[PDB]
Every structure is written in structure tokens, then in C-alpha cells.
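Participant: Structure here, sequence nowhere to be found:
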Ligand SMILES: *[C@@H]1O[C@H](CO)[C@@H](O[C@@H]2O[C@H](CO)[C@@H](O[C@@H]3O[C@H](CO[C@H]4O[C@H](CO[C@H]5O[C@H](CO)[C@@H](O)[C@H](O)[C@@H]5O)[C@@H](O)[C@H](O[C@H]5O[C@H](CO)[C@@H](O)[C@H](O)[C@@H]5O)[C@@H]4O)[C@@H](O)[C@H](O[C@H]4O[C@H](CO)[C@@H](O)[C@H](O)[C@@H]4O)[C@@H]3O)[C@H](O)[C@H]2NC(C)=O)[C@H](O)[C@H]1NC(C)=O
Ligand SMILES: *[C@@H]1O[C@H](CO)[C@@H](O)[C@H](O)[C@H]1NC(C)=O
């Protein structure tokens, strides 16, 4: 998949994943948060703790990750490992066990 | 001179292998991945926690045309064993796990064959959710499942 | 360190002969043995390393073989340019070099031109010299006898290399002794034996010119 | 008689010790039958070996009559 | 292309520091190590030490205290210093370029080698003397130092020099023999006693 | 110290941990394996799981890690991280719910001959067929099956260091007495592949 490799190399040329994608210095990144509940594992009344298996649904826009598909062999979407793009640090604030981040950083 | 080192240099340095790209001619193609599960041990079924613990081996199989080589050119080497970090992997996980261990336990070496077939048999210990039919206990039977995606 | 010995110490061969050299260690050298060629006054030249590998630009005449403790260098067809000294050495556990084997041209037997010169009158006023020219092979020995006993307590000896114009060797030895003892001794004799002869030969002088 | 044996590595043809004459081949599956096929055991015995329900056993008196499945008699 | 030239004082007295220089051509000292070999007269060679490409040094454990090695990459030279010399240090000294395979090293190219002689002796002229049977004829040189010595007659066969007490002697053969010695640019001719 | 730094640099400058450490790929890597039992931590009769603390000594020769001691001041052995070298991938086949392979990557001892000795600690939760008929006077024959996961016997050959496990460091259990121990090497041939 040579054209996909070339597009991917183009996008990340000079990309900094630690920097949020504000275009102007004052711009805000709007992030839509959804939640899909996969399994209510348990509720513990002694520990006042609810255990849930969920899928988050986070959506935003990063202007740095935009391209013209007609210039890149019609590639209309790209799947990228999450560690290499900027991710909002959305965490569960009221977690009880001290675990904030998601269980698996999928692409 | 060792033929395996020359073969690996040919495959990964010279040919410019990129592990982040699927082994397809065009993006529209889909990689056929073949799975089979070998059950090593049914460790336990905790009815109170509704948790099934199983030791299983997840045999993967797919074709990576980028890893083909002519055996006669490389000392008749017919199979090559590589760290899984080097090659593209389909990243198949236990979707209905109960504890958050989506991935395999041991990332064993990948076996690459000269005709491009890639064989992988990682062992894994899984704790899948298995809801319990209490009705006929102690004469009950249970219907657990493992869902891979 | 691993001790290394070579055999034979001298090898006589003729152009075109198959010739082979043996190098033998005291311990397992693990194929980490190399061969280099040396000529008189010339920079030594590496021929073989890792027991099998030709050095670049070396003629394919040379090939090495061996494993464990015993190794060989073989020349497929001896050329005149290949007459030289060959040293094996190992390099896994220290560096140790063999004594070297000298490769020399085979020749027909040549009898030594035995000659002797007396101590001159100047030597009396202040020793005999015994010379064995154009002999072959170099396997020879010489000694001094006088008054029915061994003589020349100060003697010395030397042998030349193969003279290319004749391929023969030449030897020279000194009947070195004290001038007072030379005057006291009534006579002295130089005698020598070799494969370059069928019988011993000797020459002598008395206590005067 | 001479039979193939799996006691040596690799399989080789060996004359039976005195008192044993029958060649046999035993094959059964294990966890690696997913790719490697059935396990193979070859040897010689004084009598046709017993068989577990999951073990195939064949017994024959001729020489070399118990080849590996990838080898011809 | 690849060449190494060894140079330095050929005659050195005991107890004073020997110094030798190796001049490298055809390669850069930053990519190839250079090693010094010693061959005592009448013995097989031995390894003394190596100038590594990284600029470090290593020495034979017996010679560790005596030897010092350094280089100048700007002029492709390698230097050797050695103190506390004795007569046993007489021999031929070679600098070599070393090949590598992983951590293993061996010698691939040799220099022409510089002879270093250690003796308490000092320059002297040959005491030329005649020899005659009373055809083969003889000529003698004694007590000259240092070598070489040049000899001519009026089929001439010359024999290698020998050391009687740390100074040289030589015999020659073929009436007058004419001898020259470079230690004092002298020349002389000796006629027979006949 | 400078000698050892130079040695370590020279060895790994162009080393590869992917290829097997043999001169020729048709050779077999001879790995010597020796299990040392430190403590019998637990026997779980209901789950049939035995927890033990062991040292899995492994020895093999790396053809590429030779050096000449006189080149480096007489340095005859060095310690290097095991993550950098090729290693046999021994896996506990009959693991119940523990780690399959070694996870504590201690340093190996590397000698000038290229001989590597690695003794990583591990906790093995081997599955055991517990027999409860004579409880509590029962004898349990629990076993540990160790083999290379991906390398086969034509590529890597493992040999037992000794006929029996090393119990010289064994901490005495307050509940069980080890009456007997023994190690056996099994070779199995499959109908796919005679060789
Ligand atoms: C507790 O439980 C454990 C299991 O969990 C159980 O362990 C068993 O213990 C018994 C003995 O107590 C074992 O039986 C032995 O197995 C040996 C296996 O050897 C293999 O290799 C043989 C060839 O190698 C020879 O040469 C090499 C080098 O030269 C050397 O390393 C080897 O040790 C050996 O000398 C091979 O012959 C052997 O054969 C097996 O497979 C072939 C074909 O596949 C088949 O024909 C055989 O029947 C056999 O299955 C095997 O591949 C074996 O060598 C050994 O042989 C001895 O006995 C036989 C007959 O009894 C004699 O012919 C022979 O001369 C020897 O004396 C013997 O068979 C068994 O394997 C263990 N099993 C396991 C899984 O570990 C404990 O016993 C239990 N303990 C209790 C209850 O107290
Ligand atoms: C590969 O095997 C064939 C025989 O199957 C043999 O002739 C050939 O030489 C082998 N190749 C190498 C490189 O050894």
C-alpha cells in the first residue's frame, strides 16, 4: 500500500502529538464525548464501587491531519495508532481504584 | 556468512518493509486472517464472579506477500522466525473479556515461510464473562463463549 | 596462550610440485588460524585467514584446511615466486606465531668445494678459516680436531642462503683460537660430513705457513 | 525382522532384538494436530501393542512395513 | 595502495628510550587499527600492542609497563616509545594494519620492518686481513661496527656477518680484496701474504 | 573499565538478536537447561495449580560473542543485559494461570569463549493432575513441561543439565515432602514432518 505510506509520511512530517490542534492561538478544540456500555460487571455496596466495561466515543477535529483525497490516490480515510496523534486526556474523574486512562489504546 | 542475517537484511532493510501498512496491493483489499483456538486448560468457572478462566492458544494465519523469498537464493532457508514487533500483526483481541486483558499473554516469535505465509501461535490466559444459569444447580450445565475480534 | 609448532622446518620442492605445510596447536584453535608469507627484507604478506579464506589478490594456488588442533596450507602448483618462509599464527587466545617453515628449491646433490686458509703472519704478529662452497643440500656439519682432541674453543660458523645463480649453499667456519695456543699447537684439521658427500673430507695445516 | 524405529533420531531401520519380531506403527493426535498432524511412534515388539481409544495401531510382520507416512515402504 | 613504512633509530644503546614511527598510506587511522609486532632475532614474532581506531591503546601484559603507543590522525602516523631496553630487545619491528570481525582481530598488512639493535659496542673499522692457500682465495674482516660492510676483489662469494663480542666480523672469498665500511667512509685494500 | 567498554562496543556494533547464534543456519543451537527449585510456595488442590519459585538456568554458546582476552587487558567475562542477545524462548507448556515465559530479564554472564549462562528467576504456576482419593495421605506427582515454543529440534536442541532438578537451595515446605524428582527429555515426531 505505497500511496497510503506516502500519505501517512506526509501527514506526520513535523507533526507534534503533544500539542493540541488549535489553529489560531485562542481556538478551542471541541470534543464530543459518547459512551457505549458493554457490560455492567458488578456493583459493590461494601466498597461503594460500580464496575463497568464500556467503550468511549471521542470525536474531534485536527486540522493538521487533513488532506485532499484526489491528490492521494482517492484515500478517503486513514487508521492511525492513537499514540502518534494528539489525544484529549479525557479520564474518569470519580474513579475509585486510581485508574484514569482507558484499558487499550486502539487506533 | 550466515544466510539468515542476509535474508533478514534483504527483507526488512533492502525492501523497506513497513510494519504499519497492511499486506495488500491496494487499500480496498482485505487481509484474510485464519483463526483456530486450541484449549489447553479450563482453569475454573467462578459462578459468583461469572468469570471463565481458560488457557488457550490462538493460532493465527495470514499471507504477507512482502515477506516472500526464493529459498534457493538464501541457502534453502524455508522458514524464518521473527519477533512479532518486526512484522505487521492483525491485532485480534478477546472482545468479551471480563478483566480488561484484551491482548494475548505471551507475544511469541512469528514464523514466516518462504511462500509468504505467516504463522503465529501465541499462548494466552483469558478471563471471559460467562453468565451462569443457576436454575438446575448442582445439575446445571453452562454455555460459555469466547468472542474474538 | 596456545603453543603452535610447524613441520617440516625446511621443505625442498621443485616448480610445479604439490606442496603442503602442517601447523599444529597445543589447544583447540577453533579454525581461527591464519597464514602469511615472508621474503627476505620484504614486507610479510597475509595469504589465508580463518583457515579457509584467501586474502584478496592472493593467487588461488594457496588453499588452507583443517579443524580443531591441526591445520594445513597447500599450494596447488609451486611457482618460483612462492619460495619463501610461511608462518602460521592463531588469534583467539593471545597471539602466537609458529617457528616458520622455509620453502626452498629442490636441486641435485653438489659436492662442497672444501678449502682452508692458515692464520697469516699478521695473525701471529697481532686464526684459520674453513670454507665449504657450492654444496647441496644444506644438511651439513663441520668440526675442528687437533692434537688428537677437539679444537677451536672459539670457533664460529655461518651458512649462506641458496645462491640463485647456482641454487647451492656456501658455508664458512673459523678455527678461532688464542695466538699463543695456535703457536703451541703442532697442527689442526677441519673436517665435515654431509649428505652433499659420500664420505668425510678434511684439510689441515701445521704450526707454520 | 527389520523395522523402522522412532527410538533413534532421526527414524532409522533397525533389526529387532531377539524375542521381538512384529513391526508396528502407532499414531495419535495431540495439541499440535492443528498443524503437525498425528504423533508417530515406530518400533518393534514381541506382540501387537495395545491401543487406547484415540490411538491408531497397525501391526505387520514384513520388513520395513511400518514407514513414516511421508516415507515409502 | 595500502602501505605502511616503519622508521626510527636502527642503533640504540641500552637503558635509553627506543622510538619508532609508522607512516600509513592508503587508509585512515580512524577506520583501521594499527598494531606493533616484534621479532627477536632467532625467534618467531610476538605481539606488543595495538593502536585502536577509537584512539585507545592496549599492550602485551609483559610489556605493559615499558611500552607507550600514540597516534596523530592529522598526519597518518603511529608512534611507539619503549624504555629500559636490553640486548634481548634486538630484533625487527613491524607495524601492521588489523582487520576485524566483530570483536576478533588479526593482522592483514605488514610494514617493511625496521631493525633495532641494542649493543654496548661502538663504531670501529674492519681489521682487514689476507687469506691464501699458501682457485679458492679468502678475505677477512674483524672488529668492525656497525654493519654493513662492503667488500670487492681486485665469482666472489660473501658470508653473513657474525658477532664475536658484540661487534661484527665477516669472511669473504673469490691478488687483493678491497673493503669499504660506512661507519667512517673508509676504504682499503689488502694483498695476500704470498 | 575502558577495555570492557571497548569490548562491549565492538561486540554489539553489528550484532543481531533475531538470527540464531550459529556460524551456519544448518547448525543446531545446543541449549543446556537446568531447573533449580527454590521453594514450593503453594499447592491449590481445588484448582489443581502448583505454585513454585524456580531458577531456570540456561546455557548456550553464541558464536558471534567471542573475543580475544589479550585484546582487552585480560577481560575474560562480562555481564550484559539479556534483552540485547538472542535467547531461547522456553515456555512452560502446562502453565495454569501464570507467566508462560521468563519475564524477569536478569543479566547474563558472557565469557570470552562465547559461552552464555542465564539464570532468570520465575514463579511457575504449573497445572497438576491432583489425585484426592487418599486425602490427606495423598502423594501428588506434579510436573513442569518446559520447551522452546517456536524453535523445533532441528533448529534448537535443548538438553537437561542434570538428570534431576537442583534442590540444593530448596526451602523446606511446612506441608509437603518431596520424595522424588527427575527430569526427562522427550522428542516427538509428527506425521507432517519426519525431519
Ligand atoms: C510422575 O509423572 C511423570 C510424568 O508427568 C512420570 O514421568 C515418566 O517417567 C518415566 C520413567 O519413570 C519415563 O519413561 C522413560 O522415558 C524416557 C524418554 O526417553 C525418550 O527418548 C528416548 C531416546 O533417548 C535416549 O537417548 C538420549 C540420548 O542418547 C537420552 O537423552 C534419553 O534419556 C534416552 O536415553 C526414547 O527411547 C524414548 O522412547 C519413548 O518414545 C518412543 C517413541 O516415541 C517409544 O517407543 C517409547 O515407548 C517411549 O515412549 C523417549 O522418546 C525413556 O528413555 C525411558 O526408557 C527407559 O525405560 C524403557 C522401558 O521402560 C527402556 O527401554 C529404556 O532402556 C529405559 O530404561 C523411559 O521410558 C516417562 O517418559 C516419563 N514421562 C513424562 C511425561 O515425563 C513419572 O514416572 C511419574 N512418577 C511417579 C508416578 O512416581
Ligand atoms: C539446496 O538444496 C539442494 C538440494 O535440494 C542443493 O542441491 C543445493 O545446493 C542447496 N543449496 C545450498 C545453497 O546449499
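Facilitator: Yes, it's here. Numbering: from 1, shown residues only, chains lettered A, B, ... in the order given. Ligands and ions are numbered 1, 2, ... in the order given.
Participant: which residues touch residue E:61?
Facilitator: By CB atoms under 8 Å, 6 or more residues apart in numbering or on different chains, residue E:61 lies in contact with F:70, F:73, F:74. No exception for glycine: its C-beta is placed from N, CA and C like everyone else's.
Participant: Helices of the chain, residue ranges please.
Facilitator: Answering for chain A, as no chain was given. Per DSSP state H, chain A carries helices over the ranges A:2-11.
Participant: wait, I meant chain F there
Facilitator: Along chain F, counting by DSSP H, helices occupy F:2-12.
Participant: near ligand 1, which residues of it show up?
Facilitator: Counting by CB under 6 Å from any ligand atom, the residues of chain F close to ligand 1 are F:141, F:143, F:184, F:185, F:186, F:187.
Participant: Dump the contacts of residue E:61 into a markdown table; add distance to chain C and neighbour count as well.
Facilitator: Output for the contacts of residue E:61, formatted as a markdown table (distance: CB to the nearest CB, whole Å; neighbours: other CB atoms under 10 Å in any protein chain shown):
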| residue | distance to chain C | neighbour count |
| --- | --- | --- |
| F:70 | 4 | 21 |
| F:73 | 12 | 16 |
| F:74 | 10 | 12 |
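Participant: Let me know how buried residue E:113 is, in neighbour terms.
Facilitator: Residues within reach of residue E:113, counting by other CB atoms under 10 Å in any protein chain shown, total 23.
Participant: There's contact between it and residue E:93 in this structure, I believe.
Facilitator: Yes - taking contacts as CB atoms under 8 Å, residue E:113 lies within contact range of residue E:93: 6.4 Å.
Participant: what touches both of these two?
Facilitator: Taking CB under 8 Å, 6+ apart as the contact criterion, the residues that touch both residue E:113 and residue E:93 are E:6, E:39.
Participant: and residue 103, what does it touch?
Facilitator: Since no chain was named, I'll use chain A. Remark: with contacts taken as CB under 8 Å, 6+ apart, residue A:103 is in contact with B:100, B:102.
Participant: my question was about chain C
Facilitator: By CB under 8 Å, 6+ apart, residue C:103 lies in contact with C:11, C:13, C:19, C:21, C:78, C:82, C:83, C:84, C:85, C:86.
Participant: Residue C:14 too?
Facilitator: C:78, C:105, C:106.
Participant: interface residues of chain D facing chain B?
Facilitator: Within chain D, the positions lying close to chain B (CB under 8 Å from any CB of the partner chain) are D:31, D:34, D:35.
Participant: repeat that with 7 Å
Facilitator: Residues of chain D lying close to chain B by CB under 7 Å from any CB of the partner chain are D:31, D:34.
Participant: Check chain D for the residue nearest chain A and tell me.
Facilitator: residue D:34 (27.5 Å; CB to the nearest CB).
Participant: what's the distance between that residue and ligand 1?
Facilitator: Distance from residue D:34 to ligand 1, counting by CB to the nearest ligand atom, to the nearest Å: 20 Å.
Participant: give me every residue that touches that residue.
Facilitator: Residues in contact with residue D:34 (CB atoms under 7 Å, 6 or more residues apart in numbering or on different chains) are B:36, B:38, B:59.
Participant: ok, of the residues of chain F next to ligand 1, which one's closest to chain C?
Facilitator: Using CB to the nearest CB, residue F:185 comes nearest to chain C of these, at 27.2 Å.
Participant: Give me the distance between the nearest residue to that closest one once chain neighbours are set aside and residue F:57.
Facilitator: For residue F:185, ignoring the flanking residues on the chain, the nearest one in space by CB to CB, 6 or more residues apart in numbering or on different chains is residue F:160 at 5.6 Å. Taking CB to CB, to the nearest Å as the measure, residue F:160 and residue F:57 are separated by 11 Å.
Participant: hey, what's in contact with both of those two?
Facilitator: Both residue F:160 and residue F:57 are contacted by residue F:34, under the criterion CB under 7 Å, 6+ apart.
Participant: Nearest residue to the middle of the chain?
Facilitator: Just so you know, I chose chain A. Centroid-nearest residue in chain A, with CA atoms, centre = their mean: residue A:87, separated by 4.8 Å.
Participant: think we crossed wires, I meant chain B
Facilitator: Central residue of chain B (CA atoms, centre = their mean): residue B:60, at 4.2 Å.
Participant: Wait, it touches residue B:124, no?
Facilitator: No - counting by CB atoms under 7 Å, residue B:60 sits too far from residue B:124 to count as a contact (11.5 Å).
Participant: Let me know the secondary structure of the residue nearest to residue C:200 when sequence neighbours are not counted.
Facilitator: Excluding its sequence neighbours, the residue lying closest to residue C:200 (CB to CB, 6+ apart) is residue C:193, at 5.0 Å. At residue C:193 the chain is in strand, as set by DSSP: H, G, I helix; E, B strand; the rest coil.
Participant: how deep is residue C:193 tucked in, by neighbour count?
Facilitator: Residue C:193 has 15 neighbours, counted by other CB under 10 Å.
Participant: Could you do the one 10 residues further on as well?
Facilitator: Other residues near residue C:203 come to 16 when the count uses other CB under 10 Å.
Participant: So residue B:20 versus residue C:202, what's the distance?
Facilitator: 94 Å.
Participant: now swap in residue F:81 and tell me
Facilitator: Plainly put, residue F:81 is 77 Å away from residue C:202 if you go by CB to CB.
Participant: same question, residue B:138
Facilitator: From residue B:138 to residue C:202 the distance is 120 Å (CB to CB).
Participant: swap in residue A:78?
Facilitator: Residue A:78 sits 104 Å away from residue C:202, going by CB to CB.
Participant: can you check residue A:67 too?
Facilitator: Distance of residue A:67 to residue C:202, computed by CB to CB: 106 Å.
Participant: If you count surrounding residues, which of these two has more?
Facilitator: residue C:202 (16 against 13).
Participant: for the nearest residue to the more buried one once chain neighbours are set aside, what are its contacts?
Facilitator: Closest residue in space to residue C:202, ignoring its immediate chain neighbours: residue C:191 at 3.8 Å, by CB to CB, 6+ apart. By CB under 7 Å, 6+ apart, the residues touching residue C:191 are C:142, C:143, C:145, C:200, C:202.
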